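**Student:** After the structure tokens below, expect a handful of questions from me.
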Amino acid sequence: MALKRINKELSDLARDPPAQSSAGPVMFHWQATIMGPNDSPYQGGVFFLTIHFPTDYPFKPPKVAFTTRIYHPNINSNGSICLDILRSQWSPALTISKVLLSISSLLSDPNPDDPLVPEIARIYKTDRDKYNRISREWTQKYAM
Amino acid sequence: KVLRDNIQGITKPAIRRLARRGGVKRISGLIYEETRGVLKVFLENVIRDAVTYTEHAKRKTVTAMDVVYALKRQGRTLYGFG
Amino acid sequence: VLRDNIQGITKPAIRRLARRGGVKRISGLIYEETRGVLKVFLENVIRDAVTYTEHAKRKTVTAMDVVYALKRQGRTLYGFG
Amino acid sequence: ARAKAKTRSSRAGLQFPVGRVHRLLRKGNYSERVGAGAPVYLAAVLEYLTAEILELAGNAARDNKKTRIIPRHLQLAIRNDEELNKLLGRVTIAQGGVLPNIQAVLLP
Amino acid sequence: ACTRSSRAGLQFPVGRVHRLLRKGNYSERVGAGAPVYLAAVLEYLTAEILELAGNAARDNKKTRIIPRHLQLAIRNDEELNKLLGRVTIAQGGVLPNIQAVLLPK
Amino acid sequence: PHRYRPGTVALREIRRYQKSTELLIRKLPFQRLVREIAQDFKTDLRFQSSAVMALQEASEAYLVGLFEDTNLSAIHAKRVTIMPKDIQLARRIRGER
Amino acid sequence: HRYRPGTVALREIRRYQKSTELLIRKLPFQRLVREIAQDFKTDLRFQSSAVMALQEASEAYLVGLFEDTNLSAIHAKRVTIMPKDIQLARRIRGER
Amino acid sequence: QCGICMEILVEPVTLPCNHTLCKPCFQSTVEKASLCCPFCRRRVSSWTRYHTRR
Amino acid sequence: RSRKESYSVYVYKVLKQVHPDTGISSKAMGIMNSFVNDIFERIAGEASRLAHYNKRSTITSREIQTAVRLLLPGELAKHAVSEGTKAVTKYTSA
Amino acid sequence: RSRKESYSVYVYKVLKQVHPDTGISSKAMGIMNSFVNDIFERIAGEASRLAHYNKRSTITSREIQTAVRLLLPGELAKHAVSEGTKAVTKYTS
DNA sequence: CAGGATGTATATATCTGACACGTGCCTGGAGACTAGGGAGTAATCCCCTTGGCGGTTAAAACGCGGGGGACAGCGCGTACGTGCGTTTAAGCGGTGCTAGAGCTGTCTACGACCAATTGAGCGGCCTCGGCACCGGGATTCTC
DNA sequence: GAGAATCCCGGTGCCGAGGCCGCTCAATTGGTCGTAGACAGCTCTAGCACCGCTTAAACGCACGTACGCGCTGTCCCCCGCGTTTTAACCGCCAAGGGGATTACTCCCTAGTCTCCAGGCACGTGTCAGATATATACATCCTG
Ligand SMILES: [Zn+2]
Ligand SMILES: [Zn+2]
């Protein structure tokens, strides 16, 4: 079942590859690689991710953590991602690619109200240009 | 002093419409005294506890919470009065 | 496993219960009704008793557990501690 | 040697243990603190109620030409007295039976 | 600081439940998970009652829940009726029912 | 002329009063009754309006429940007219006396 | 020599209203208790005192119910109790 | 096919919100997991009790 | 080995005071113990609820008086209150 | 200025979750508050009695779950226990 | 069956006022920290439960017969619902008063607590007597 | 009056209740302090009291009709009895799963402190419910 869901999603991803994001087994653990979306301070960065599928997937959200350092309020140093669809708003009907798109959107629009690193959210709220510059510095430093 | 005529305050039409709400089709004429006797007994039982609650509180007036507690102690919990 | 133990409550036993209740004459259909009523009552009591026991984490139902189950239904019982 | 043993029940002329009542109150999680007169009052009330029940049971037993009180006697004593019957209307007593009475309609 | 209710994804105040437990003299000490469990139970019960009341109101073509709707919702549901069998609701009325014998034949 | 046969008015009254939630007793005589009853337990006591309303609500609910039970008993007696025998039977069964 | 019907009924009413013994056979009652308890936890064990307390409570409940249903049957102006009488008593008591 | 498992609908369960899925996936993700509709979040707990009793 | 406690001794003393020439069965003694415990629990719970309602923290004689008035009916309550007041008066005087 | 507390805010939030486009009267809110207080008192009292019976001194989720099983009937109790266990698990995690 | 009589829900409109909404503020919730004791766990002992046996017999089951009581029916009286005309207090509203409720601040009697002392009750061990039993006489209820 | 059921007087044992013996563990005493409670005082809010006007509700009366009540036939179901059948009950003994204690350790909870933020008391506009009325709409009832 859960393995069947993983295989079906892998087949659909192979049939419907995204423009930038990509992931695959390296079954219940996947490595995810996403390009830093343009029009953002992280544009051009290549971020690697680890995916851990629970035994009751898709009925439970998967365990996914960032493995590329990034300057973002909702991402800590350990790669944890504060995402509602990862914690509360998870649905089995969701797809991994939808999660990747949501991650890209959150990267384009950080949520300073529920961040993982409060200092990054502080910089984001107090100086948008400073947040963009430091985010680009981090993207070049660790994701490029 | 309040005279005993107040028991007649519960009018025959009032008892009749209470029975109507209860679902009664027709009422015998002898009911209207039995019903007010029952009501007097019930009110005595509740007010006896209410007034002793107030007396223990060393107050001169009966609050709503006293009545709520008195009803609660008889397994007749009432919602809507805090 | 066992089944159909409810018939163990004999018609003469039900009759003796009614006689102690002060019943002079008994219809023929009273017995099935009494079986059902007693089954419901015992189910309600035993459910609570078993809940108490399993909360205490032991496999033996005790008189104190039964007494507590009865007491929580407004049916206080004396003579068992 | 501080003083001769004078229990609080002896002070109040009671038979129930005032100290035990106080210990039960402060160990029963009923309130943060317990007043001085509360155990005395509670012990007096319990003693009076037990005396009433025992008196009624003894009268019932002597009316039955017996010298020992039994649960049947206790049940009869409780049922006959209106006050105690109302106080213990929801109480089941083992080996108590029922108050013997038959409806007049059944009698020929 | 993240609230315990937010951690548990609830709506009822876990801190308030804990304070009420420790002030109610229910026991000398209170475990950590007890307020969480109790708050979750209360939230679920309130959700059930409110859902039934809202269904009753929408069936009555109204948009505000009133004690009449609460009484109807409680009386119609067997489980809630059993749970609150000895509860009187102010301005609640009664469930409309007529014995079939009284109806003309 | 026009004359409703007995029973129809009773049925429509039942339907009407089972659909509303208003109080069915008059506030002033109910207050006078409460004050008369309470004066023996302790004289010159005062009451809150909310307290009197709560008492009236409880009493009306109790009477409605009693009337439902007594109607059931009267139907069991193969009748449709409530008489004090039914009320006494319901009171005795419910353990109120 | 046969007694008229109801006379032995009255005499046994008098007899049973005076004794305090149990009126149900202990072994089948215990079998019933265990059979019912099977539906909640398997292989449970019972104390003899617990079973006796259950029997006492059950007999008291049934005797009270029979008193109420006999009263209702008399109210119906007849002397034979019937399942409708039992149902009326239980419904008025609020058990159902 | 199940809206979730995508296997052939074996005793499919239709939600009051007009959404349907296979009974295994239904029991797995609604009866014991969510009590909300897998498609439109339609909470079904009271409906769940109503149909479980029947 | 748990040393359980009951009121058997005091019940026996009261019985001897009331009926000096009457025995009591062992099973009757258990019934009396259960009755005493039940009454104690009722009164203590009522007093605790009264203290909580009055936003107090101490259970005194007044709370037990009110609990007795709430529980015992009529003549029984009057006699019990009289007995308790007399006992408290004697204890204070002593 | 004794700041009295109720559950009106949380009740309203739950109402918004259930029926997003439905309101509630002020008097109905008082009834919900009374209901919540009554249920809380029932559960807490039963848990306290359980703790006293088992000679314990701490009220844990075990006692609350048992009290819920004792109080709520049938499928209602089943759902309530499921919710409580789920919440405790999530809070621990 | 059908159309008038007569309630009754409704679509529409506007008033209106009850509730969802933004605002300042404050205390109760969250957090880091440490200490201490409640209980979770293992191992132990024994003991009360389960299961089994065989032998007795009192209790349960079946069936037959009879009688009484529940029931359907019927006739008759009456009392209760329905309507109409006549009072009359309930309700509103409005005013005015004040007594008791709620509060703050002071003061203090008092309960928790600790340390030491001691004896009342628990367990056990007797001794005896209240009562069940077996038999029979006296008594009583029913046919 | 005869037959069947019931209570009691009589002798007996025997078992369940009453008295005895540590001793120890719970009740008592005395001091002490922190404080919950009592008292005084002040403010003011809600309850009590009253007036007046409207009128809808209460009250009284006639009637006639549907319902309660009583009588009667019947008859079928329930009770009493007897014979047969059976499972309860008692005694006994073996096995052991499981309840109750002990130790200990350790991990959980209480406690304190600091910070703040989400909930409470407070204005608002705006929006759902009532009123009024003209409809359909349904239902009764008398033809
Ligand atoms: Zn599926
Ligand atoms: Zn849906």
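Ordered as shown in the structure tokens, chains take letters A, B, and onward, while each chain numbers its residues from 1 and ligands are numbered from 1 in the order shown.
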Using only C-alpha atoms, which chain G residues lie at most 7 Å away from chain F, written as a PyMOL selection string?
**Tutor:** chain G and resi 68+76+92-93
**Student:** Residues contacting ligand 1 - anything with an atom at most 7 Å away, using only C-alpha atoms (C1' of nucleotides) and all ligand atoms - can you give me those as a list in words?
**Tutor:**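 The neighbouring residues of ligand 1 are, in order, residues 2, 3, 4, 5, 6, 7, 21, 22, 23, 24, 25 and 26 of chain H.
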**Student:** Compile the contact shell of residue 81 in chain K as a list in words: residues with an atom at most 10 Å away, counting only C-alpha atoms (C1' of nucleotides), same-chain residues fewer than 4 positions apart removed.
**Tutor:** residues 26 and 27 of chain B; 5, 6, 7, 8, 9 and 10 of chain F; 65 and 66 of chain L
**Student:** Write a file of the selected residues as a JSON list (two decimals), in the first residue's frame, keeping C-alpha atoms (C1' of nucleotides).
**Tutor:**
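Output contents, as saved in part.json:
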[["chain", "number", "residue", "atom", "x", "y", "z"],
["B", 26, "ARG", "CA", -57.99, 16.32, 27.25],
["B", 27, "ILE", "CA", -57.89, 17.04, 30.97],
["F", 5, "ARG", "CA", -65.53, 19.43, 16.58],
["F", 6, "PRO", "CA", -63.87, 18.76, 19.95],
["F", 7, "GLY", "CA", -60.26, 17.65, 19.70],
["F", 8, "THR", "CA", -59.11, 19.63, 16.67],
["F", 9, "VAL", "CA", -58.53, 22.76, 18.75],
["F", 10, "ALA", "CA", -56.69, 20.63, 21.29],
["L", 65, "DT", "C1'", -71.07, 15.32, 21.91],
["L", 66, "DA", "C1'", -67.56, 12.16, 22.48]]
**Student:** Please extract the residues at most 8 Å from ligand 2, counting only C-alpha atoms (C1' of nucleotides) and all ligand atoms, and provide them as a ChimeraX atom specification, using the chain letters and residue numbers of this document.
**Tutor:** /H:15-19,37-42
**Student:** Using DSSP on the backbone, list every residue of chain H that comes out as strand (DSSP E), and give them as a ChimeraX atom specification.
**Tutor:** /H:13-14,20-21
**Student:** Distance limit 10 Å, atoms considered: only C-alpha atoms. Which chain A residues sit that close to chain E? Return them as a PDB file with N, CA and C atoms, in the first residue's frame.
**Tutor:**
ATOM      1  N   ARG A  87       2.822  19.461   8.912  1.00  0.00           N
ATOM      2  CA  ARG A  87       2.508  19.193  10.308  1.00  0.00           C
ATOM      3  C   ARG A  87       1.008  19.034  10.517  1.00  0.00           C
ATOM      4  N   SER A  88       0.226  19.998  10.028  1.00  0.00           N
ATOM      5  CA  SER A  88      -1.206  19.991  10.304  1.00  0.00           C
ATOM      6  C   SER A  88      -2.036  19.800   9.041  1.00  0.00           C
ATOM      7  N   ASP A 114       5.515  32.640  11.795  1.00  0.00           N
ATOM      8  CA  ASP A 114       5.846  31.304  12.290  1.00  0.00           C
ATOM      9  C   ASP A 114       7.172  30.860  11.686  1.00  0.00           C
TER      10      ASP A 114
END
**Student:** Find the spatial neighbours of residue 90 in chain I, counting only C-alpha atoms (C1' of nucleotides), within a cut-off of 10 Å - ignore same-chain residues fewer than 2 positions away - and output them as a count of residues only.
**Tutor:** 12
**Student:** Give me the residues within 7 Å of range 37-52 of chain J as number ranges by chain, counting only C-alpha atoms (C1' of nucleotides) and dropping any in the same chain fewer than 6 places off.
**Tutor:** E: 26-27; J: 58-59, 63-64, 67-68
**Student:** Hey, can you spit out that residue selection with N, CA, C and O atoms as a PDB file, in the first residue's frame?
**Tutor:**
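As written to disk, again-v6.pdb reads:
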ATOM      1  N   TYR E  26      -8.648  18.537  42.929  1.00  0.00           N
ATOM      2  CA  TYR E  26      -9.018  17.198  42.500  1.00  0.00           C
ATOM      3  C   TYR E  26      -7.981  16.162  42.893  1.00  0.00           C
ATOM      4  O   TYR E  26      -8.338  15.017  43.188  1.00  0.00           O
ATOM      5  N   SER E  27      -6.708  16.539  42.910  1.00  0.00           N
ATOM      6  CA  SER E  27      -5.653  15.659  43.386  1.00  0.00           C
ATOM      7  C   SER E  27      -4.467  16.518  43.783  1.00  0.00           C
ATOM      8  O   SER E  27      -4.384  17.696  43.426  1.00  0.00           O
TER       9      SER E  27
ATOM     10  N   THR J  58      -1.584  11.268  41.637  1.00  0.00           N
ATOM     11  CA  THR J  58      -1.408  12.052  40.428  1.00  0.00           C
ATOM     12  C   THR J  58      -2.461  11.651  39.411  1.00  0.00           C
ATOM     13  O   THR J  58      -2.743  10.464  39.232  1.00  0.00           O
ATOM     14  N   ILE J  59      -3.041  12.645  38.748  1.00  0.00           N
ATOM     15  CA  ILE J  59      -4.021  12.425  37.694  1.00  0.00           C
ATOM     16  C   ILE J  59      -3.283  12.477  36.368  1.00  0.00           C
ATOM     17  O   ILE J  59      -2.740  13.522  35.994  1.00  0.00           O
ATOM     18  N   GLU J  63      -6.112   8.108  33.945  1.00  0.00           N
ATOM     19  CA  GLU J  63      -7.319   8.341  34.724  1.00  0.00           C
ATOM     20  C   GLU J  63      -8.372   9.067  33.904  1.00  0.00           C
ATOM     21  O   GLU J  63      -9.560   8.741  33.982  1.00  0.00           O
ATOM     22  N   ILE J  64      -7.959  10.055  33.115  1.00  0.00           N
ATOM     23  CA  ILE J  64      -8.921  10.796  32.313  1.00  0.00           C
ATOM     24  C   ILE J  64      -9.556   9.893  31.267  1.00  0.00           C
ATOM     25  O   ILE J  64     -10.768   9.950  31.036  1.00  0.00           O
ATOM     26  N   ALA J  67     -12.047   7.704  33.004  1.00  0.00           N
ATOM     27  CA  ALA J  67     -13.234   8.464  33.371  1.00  0.00           C
ATOM     28  C   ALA J  67     -14.110   8.727  32.158  1.00  0.00           C
ATOM     29  O   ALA J  67     -15.341   8.675  32.246  1.00  0.00           O
ATOM     30  N   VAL J  68     -13.493   9.021  31.016  1.00  0.00           N
ATOM     31  CA  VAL J  68     -14.262   9.221  29.795  1.00  0.00           C
ATOM     32  C   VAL J  68     -14.984   7.941  29.409  1.00  0.00           C
ATOM     33  O   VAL J  68     -16.161   7.966  29.029  1.00  0.00           O
TER      34      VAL J  68
END
